[PDB]
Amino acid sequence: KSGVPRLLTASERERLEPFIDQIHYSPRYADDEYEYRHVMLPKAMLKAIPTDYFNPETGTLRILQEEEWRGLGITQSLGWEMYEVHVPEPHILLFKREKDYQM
């Protein structure tokens, strides 16, 4: 519960093993102090993932601790952390335009 991982049962694991080999890792891109990368589960696997692993108000997966993502089949170093993109509040509209310089 946002601190304690929820261990899979024996039957859930059997349902997941078939997909383990179909998991895809993308090349990492750098930044100031962060290496980034994304994991892609095949669309079919989502039907197998436990309901309590999904965020109710979004349909995506909730942030998972290490033992949780490893149980899904993902293999990675220890330092990796799962994060979420953050959408602004509904009353803030964003705009942008191509810059104009001087000379």
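Start at 1 and count along the sequence shown; that's the residue number.
Asks: If you average the CA temperature factors as listed in the entry, which stretch comes out higher, 68 to 76 or 53 to 61?
Replies: The entry gives the higher C-alpha B-factor average to 53 to 61.
Asks: Tell me which stretch has the larger mean Cα B-factor in this entry, 42 to 50 or 22 to 30.
Replies: That would be 22 to 30.
Asks: Using the B-factors in the PDB entry, rank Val85's C-alpha atom against the chain and give the third, lowest, middle or highest.
Replies: Tercile = highest for this residue's CA B-factor.
Asks: By the recorded C-alpha temperature factor, relative to the other modelled residues in its chain, which third is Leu7 in?
Replies: Its C-alpha B-factor belongs to the lowest third of this chain's values.
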